[PDB]
Amino acid sequence: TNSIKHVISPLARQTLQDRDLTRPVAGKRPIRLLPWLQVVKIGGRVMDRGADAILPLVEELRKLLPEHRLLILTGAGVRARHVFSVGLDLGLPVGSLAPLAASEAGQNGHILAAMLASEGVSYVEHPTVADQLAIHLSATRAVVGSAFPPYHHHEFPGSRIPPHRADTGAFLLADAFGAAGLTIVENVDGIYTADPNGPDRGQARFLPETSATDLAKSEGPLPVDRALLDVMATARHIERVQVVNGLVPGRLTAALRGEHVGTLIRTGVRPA
Amino acid sequence: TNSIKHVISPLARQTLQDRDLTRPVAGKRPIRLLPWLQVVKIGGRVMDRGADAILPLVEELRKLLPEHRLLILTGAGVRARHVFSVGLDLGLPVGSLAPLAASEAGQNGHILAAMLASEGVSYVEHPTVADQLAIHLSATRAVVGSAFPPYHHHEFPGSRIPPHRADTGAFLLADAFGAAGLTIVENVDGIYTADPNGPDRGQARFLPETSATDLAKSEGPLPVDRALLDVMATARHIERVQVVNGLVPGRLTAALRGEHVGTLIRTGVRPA
Amino acid sequence: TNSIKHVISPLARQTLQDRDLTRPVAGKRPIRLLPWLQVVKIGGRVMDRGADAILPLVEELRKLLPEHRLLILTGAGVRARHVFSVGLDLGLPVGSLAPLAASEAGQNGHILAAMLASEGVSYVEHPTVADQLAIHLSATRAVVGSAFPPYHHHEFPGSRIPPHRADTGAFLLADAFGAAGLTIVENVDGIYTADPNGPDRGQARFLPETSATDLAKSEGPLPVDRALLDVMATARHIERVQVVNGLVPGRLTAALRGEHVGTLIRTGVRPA
Amino acid sequence: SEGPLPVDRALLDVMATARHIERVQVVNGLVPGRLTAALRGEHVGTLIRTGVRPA
Amino acid sequence: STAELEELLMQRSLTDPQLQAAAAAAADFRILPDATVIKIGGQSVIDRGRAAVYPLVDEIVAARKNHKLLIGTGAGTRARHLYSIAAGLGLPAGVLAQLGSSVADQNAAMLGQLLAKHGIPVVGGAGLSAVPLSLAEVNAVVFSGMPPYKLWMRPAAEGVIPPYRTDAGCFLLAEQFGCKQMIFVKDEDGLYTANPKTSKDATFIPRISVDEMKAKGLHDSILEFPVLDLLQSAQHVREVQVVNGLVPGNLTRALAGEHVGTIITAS
Amino acid sequence: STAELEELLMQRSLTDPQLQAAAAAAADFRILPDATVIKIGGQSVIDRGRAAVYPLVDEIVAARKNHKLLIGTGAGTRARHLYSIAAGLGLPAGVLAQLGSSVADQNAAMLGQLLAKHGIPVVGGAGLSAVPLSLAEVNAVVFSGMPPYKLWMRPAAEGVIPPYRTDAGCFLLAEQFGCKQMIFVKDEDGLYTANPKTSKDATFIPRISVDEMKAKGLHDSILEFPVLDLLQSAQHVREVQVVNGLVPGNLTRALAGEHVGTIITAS
Ligand SMILES: Nc1ncnc2c1ncn2[C@@H]1O[C@H](COP(=O)(O)OP(=O)(O)OP(=O)(O)O)[C@@H](O)[C@H]1O
Ligand SMILES: Nc1ncnc2c1ncn2[C@@H]1O[C@H](COP(=O)(O)OP(=O)(O)OP(=O)(O)O)[C@@H](O)[C@H]1O
Ligand SMILES: Nc1ncnc2c1ncn2[C@@H]1O[C@H](COP(=O)(O)OP(=O)(O)OP(=O)(O)O)[C@@H](O)[C@H]1O
Ligand SMILES: Nc1ncnc2c1ncn2[C@@H]1O[C@H](COP(=O)(O)OP(=O)(O)OP(=O)(O)O)[C@@H](O)[C@H]1O
Ligand SMILES: Nc1ncnc2c1ncn2[C@@H]1O[C@H](COP(=O)(O)OP(=O)(O)OP(=O)(O)O)[C@@H](O)[C@H]1O
Ligand code: MOO
Ligand code: MOO
Ligand SMILES: [Mg+2]
Ligand SMILES: [Mg+2]
Ligand SMILES: [Mg+2]
Ligand SMILES: [Mg+2]
Ligand SMILES: [Mg+2]
Ligand SMILES: [Mg+2]
Ligand SMILES: [Mg+2]
């Protein structure tokens with residue numbers, strides 16, 4: 001009488017919660033949409049340095065375009081810290097702060113693109129990255145975007161600080177697109193045992209290579225989100241991520257070629 | 001006193017209903033905007049078949065790109081039938097169902113584009129198809145889109161089923177753009193005298209060629225909308241439309257070259 | 001207690017009104033984003049004449065694309081005059097009329113682009129021009145747009161007529177992008193001492209060259225906005241602007257090459 | 001050393017006098033995916049360091 | 001003590017625990033504390049059509065007289081068809097999410113066409129649609145259920161099925177806007193030990209916590225399991241209620257706080 | 001006489017003075033004559049946080065009962081950071097404007113999340129949001145303050161700092177929609193002879209005109225100077241008031257027409 005009108009399909013009459021019923025259909029490893037893509041996440045602490053750090057970086061990128069097809073995703077930086085301070089004074093929840101920081105990321109990106117427009121580079125909003133990245137990259141060589149993912153008014157709770165930030169969104173794209181590589185640009189040589197710009201700067205030791213697990217089990221700080229280490233475990237294509245210093249010329253260029261110039265983070269992916 | 005403020009024009013002080021007054025201005029045959037364009041309407045019954053039918057189709061399209069400049073418009077399929085069943089149980093009017101089906105078309109298109117992104121293909125929504133199709137076709141070779149036209153809430157009454165579906169919208173575009181050819185891909189070799197999947201399959205005779213009038217004056221089902229046959233009569237550029245089976249490899253490729261591999265439908269257009 | 005939370009920067013704790021505090025940071029000359037760009041503002045009085053003036057113009061442009069990277073911005077014309085007449089009968093303020101005219105400009109642009117779609121040209125809208133232009137010009141060669149700048153309800157008061165029209169917006173872009181040249185196409189050979197289509201057309205004398213100041217300190221009509229002469233004093237990159245007749249073939253082509261075929265307007269810029 | 005190689009020895013002699021190239025990877029092309037990886041900088045075969053001194 | 005927080009935010013990284021602890025010590029602000037969020041299942045309700053939707057429309061038009069309502073829709077079986085198709089092609093979870101968002105938006109449209117005469121609109125930004133909620137002659141809105149994770153979706157440990165769907169899209173909206181009540185309207189009296197449509201030996205469960213819900217090692221549940229981890233980590237919403245929308249009145253009784261179906265508590 | 005105007009519009013150029021004089025002789029229509037515009041400083045107020053924002057939220061929910069309010073937000077110091085960055089790169093004013101407009105849009109959101117429970121929404125469409133400004137239970141909106149010159153900004157005589165910002169956006173929105181009064185809420189009792197934060201000898205100014213304000217040759221002002229040239233050229237709004245939002249009651253009194261802080265007249 002009031003029975004359900006079903007569309008015939010393998011997943012009909014399912015809740016998608018029982019893995020034993022979805023595995024025959026969705027349990028296989030996906031494909032790469034843009035396997036020829038290289039993703040570069042610029043940190044906001046870099047862009048906040050201004051010209052002193054951007055102009056060299058801009059020239060490096062200018063020299064990389066003919067070599068790669070690039071998606072350059074920017075981060076927020078310090079302005080996001082200010083808006084956090086305010087929103088927390090007001091008692092706003094993390095879902096209210098996420099977009100406010102995503103915006104600072106987008107503005108850094110608009111800047112960086114303005115500095116590269118002469119070369120055919122421009123900023124694309126998230127929708128265009130999702131539905132139409134391939135055509136914008138068939139036209140030109142690189143495009144700029146924001147790294148913060150659109151969890152804006154739906155961000156995960158538990159912390160008053162948005163856990164899903166630039167690093168996380170960049171990785172999620174790259175692993176979805178099945179990109180060739182993800183490269184993170186920071187203001188430090190890489191990852192250490194402790195913040196070298198902090199109190200325990202003397203005990204900080206460089207980690208040339210490590211895994212997402214060895215970090216996710218630690219407790220100290222990091223230059224990258226801790227949610228990145230959680231999504232890494234569920235990765236499908238990306239096997240390693242390199243963290244490099246963009247204040248040092250040539251390290252980014254090398255990293256895009258697979259050289260070990262900073263810190264290497266192995267994901268939970270098993271190679272062939 | 002309250003007289004009308006007119007703009008001087010040949011059509012001033014006119015209602016645009018008297019043909020004898022508009023013919024001196026608008027009675028001429030129009031031009032082709034994108035005469036170098038080839039339009040391909042994929043049916044949703046094809047998409048609904050899944051990989052078994054898409055992957056071969058994708059590999060064919062992958063080989064057609066360097067040969068043509070393609071606008072690939074997808075249809076809805078069965079999900080539209082489900083949403084119709086529901087909306088009719090609820091008593092919704094046709095204008096409320098139209099967009100709900102256009103959406104399933106768009107989702108099929110997003111899928112197909114994801115399967116082709118590696119080649120520079122992307123999904124362009126109708127606003128972009130309308131005025132920016134040339135620039136998206138100068139960048140890359142093919143773009144995907146939805147075939148259902150935006151008659152969404154202003155759909156024509158008379159039937160509880162939207163008469164203006166994918167086929168119709170594809171033809172309307174192609175004839176507006178003055179495209180080189182429109183090609184329809186179905187799950188059957190072409191048009192018959194009766195549904196070969198239905199009970200009278202035995203009496204179904206294949207029609208290798210026919211006219212829009214011979215069909216519109218007939219009665220019975222069709223793999224194409226009946227409004228297509230009405231807009232055909234008012235066509236301006238397109239002289240013939242070929243219906244082919246996409247489950248059979250090579251027929252689409254041939255059709256784009258003018259081969260007679262399926263059903264040919266002549267419009268009301270008179271050539272030179 | 002209620003103290004301000006500042007983000008450390010050179011401009012912190014400033015109002016941006018004291019020039020002696022901003023000059024050390026923002027008191028220098030900017031850069032050119034698209035120095036390789038050529039801007040062409042088509043007047044609406046041209047497009048209002050229809051085919052007789054557009055088709056030749058369209059062929060000229062068709063022959064210019066491989067030579068330049070073009071941003072073709074259209075103007076409004078007479079329809080804007082009609083909407084002004086109406087809005088003024090209704091007593092609407094200038095901010096209510098500005099967008100209504102910007103729209104007629106955009107429609108002229110849509111037309112012109114339809115005339116050129118066969119060549120890879122399309123109408124990009126105001127936001128895409130601001131941000132995603134370099135890519136739209138890396139794909140194709142020319143793009144069309146609206147010359148009216150988006151001051152729609154924030155239009156400056158003082159006059160019931162929007163002072164910031166097409167010419168002004170075209171110049172503002174060109175000077176912002178640091179473009180190579182701005183060229184204005186009119187229905188007259190250039191600028192005169194008086195309207196040659198007016199009462200005192202016998203005393204109208206052609207001006208082959210002049211400065212923005214001489215005109216701005218003058219009184220009387222002009223084929224260009226008077227706000228253009230005010231923004232030209234605050235210009236940064238553009239040194240000269242040429243006004244030409246598009247009803248005469250070859251003059252536009254020549255102007256894009258620097259030839260003196262119409263009126264030359266020197267800005268307040270001092271070259272090196 | 002002495003003995004055969006899949007590559008010329010003059011190659012080594014010129015490597016000694018290289019200017020830009022720092023490493024060369026030898027990979028099996030009969031095995032899929034190794035060439036792609038190598039182009040991406042992966043270590044799927046043999047790496048030969050030249051006499052170049054990077055910065 | 002906000003000075004320490006401010007001097008940390010500008011220096012340390014947001015992974016700095018001292019910073020997270022300082023932030024957790026901050027204020028809390030509920031944006032719609034008087035509002036109630038409900039989720040209308042698609043495969044459970046809307047896909048049944050008239051018999052299940054008209055009564056619920058009546059109940060809603062009745063309840064908005066006394067409650068603020070944020071009505072989220074589920075996707076349904078069209079989404080499952082799409083997921084099957086796309087998985088057959090090896091597509092990732094982000095794409096599937098893009099696809100399901102649309103089915104949810106469809107169902108929302110159909111539902112809002114039934115409620116427009118009653119002054120209940122469909123809104124993209126549910127949370128700050130302030131006006132319709134400030135009013136008593138509207139006091140309700142319909143939106144999707146699906147979240148905006150279109151392509152940045154966190155994939156599951158195994159497979160391409162998006163784990164965060166309409167259930168989560170509604171619960172998170174509740175937790176963010178500090179709503180007082182979160183309800184899931186479905187085709188069953190509540191949570192059982194197993195899918196009753198398949199196993200008629202399944203036992204009802206009136207109340208349970210997340211920890212107990214996991215210990216039971218359920219193969220299938222009436223909610224998405226990630227919603228449980230989200231609920232265990234929430235701040236405002238510490239419990240949800242699942243009810244049957246086919247039973248008349250159950251929704252109205254629930255909005256009044258009554259225990260009608262199953263109640264799931266973080267603790 | 002409209003016939004002359006019409007036969008001119010279609011023939012002459014809009015630079016024709018006869019035409020401008022004919023147009024100035026036209027009617028004057030006020031779209032929101034009973035509305036009041038206020039501009040909440042970002043660097044002055046919002047960037048202070050709770051202590052300065054919560055009281056103003058109270059004042060606003062109180063005042064919307066007797067007044068019609070359009071609340072424009074300012075950008076703040078994040079915008080100054082951005083401007084410094086972009087100027088260090090040599091970027092033009094249009095870009096900086098695009099950037100600050102983004103900073104103003106955020107403050108608006110933070111503010112509208114505090115007012116959503118009170119029925120006050122955020123809008124891009126500040127003056128053709130007819131629906132909210134009509135209801136006595138809403139009677140207010142929030143909008144950014146930065147104008148839409150995102151890139152076509154008129155640059156200043158020297159520099160890349162956009163001269164037309166939030167102050168100008170709010171004032172122009174007022175003059176256009178024929179609003180009755182325009183108020184600037186900031187961190188000072190009003191306009192002085194000099195920045196009191198720097199020079200403690202600065203003298204208060206309760207009232208002044210634009211001409212007198214220029215004659216004083218102020219190095220720094222509490223308003224953007226171009227706003228003065230705009231005010232001297234307006235039709236509807238011939239004066240504005242500047243007040244301190246940290247002092248309670250100053251808004252409620254100003255909206256009532258009182259002279260609380262500084263008043264600036266075109267003439
Ligand atoms: N274990 C660590 N190793 C290295 N650097 C660390 C570590 N812990 C903290 N840091 C510090 O964290 C800073 C980066 O913080 P964060 O990652 O928030 O900035 P970002 O990533 O550059 O900007 P965004 O987060 O907007 O991308 C670095 O400057 C570094 O000094
Ligand atoms: N006269 C006919 N000749 C051939 N096929 C017919 C005829 N009448 C009905 N059919 C059937 O109609 C079906 C196609 O229906 P329909 O055209 O709605 O699907 P589609 O066009 O592939 O999808 P969409 O309408 O979304 O594009 C075919 O599978 C075919 O079996
Ligand atoms: N001093 C002058 N020298 C030359 N032409 C003039 C002068 N004064 C007025 N005109 C007239 O002004 C007309 C152009 O007006 P206007 O600039 O408004 O049109 P347009 O610029 O072509 O269109 P739009 O303003 O929409 O771009 C010309 O046709 C010309 O006859
Ligand atoms: N342990 C359980 N207890 C109760 N119901 C269960 C359980 N396991 C599975 N189910 C079934 O799950 C179904 C609800 O899940 P489903 O996702 O199909 O509907 P929905 O979530 O309301 O719709 P949508 O997923 O489209 O939002 C119910 O019909 C119910 O029979
Ligand atoms: N002559 C003056 N009289 C009063 N205040 C002044 C004067 N000159 C400078 N100021 C200072 O200007 C500041 C206000 O300008 P500012 O732009 O910093 O804040 P705002 O305009 O409210 O914020 P935003 O610019 O972000 O909208 C006040 O803090 C005040 O101290
Ligand atoms: O049907 Mo759902 O809401 O995608 O699980
Ligand atoms: O801080 Mo602003 O940009 O003057 O409003
Ligand atoms: Mg479900
Ligand atoms: Mg970092
Ligand atoms: Mg009519
Ligand atoms: Mg068909
Ligand atoms: Mg200010
Ligand atoms: Mg002109
Ligand atoms: Mg060899």
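Every chain is numbered from 1, with letters handed out A, B, ... down the list of sequences.
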Counting backbone as well as side chains, what donor-acceptor pairs lie under 3.5 Å between chain E and chain F?
{"residue": "E/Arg30", "atom": "O", "partner": "F/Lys117", "partner atom": "NZ", "Å": "3.3"}

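- Contact of E/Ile31 with chain F is made through backbone and side chain together, with heavy-atom distances under 4.5 Å.
- When every heavy atom of E/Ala130 is checked against every heavy atom of F/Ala116, the shortest pair comes out as CB-O, 3.7 Å.
- Within 6.0 Å of atom CG in F/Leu135, more than 12 heavy atoms from other residues, nucleotides or ligands are found, so the atom counts as buried in its surroundings.
- Only the side chain of E/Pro33 comes within less than 4.5 Å of a heavy atom of chain F; its backbone N, CA, C and O stay farther away.
- Only the backbone of F/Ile120 has a heavy atom closer than 4.5 Å to any heavy atom of chain E.
- Ranked by heavy-atom pairs under 4.5 Å with chain E, the list F/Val131, F/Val138, F/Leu115, F/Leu114 is led by F/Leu114.
- Contacts of E/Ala27 with chain F are made by side-chain atoms alone, with heavy-atom separations under 4.5 Å and no backbone atom involved.
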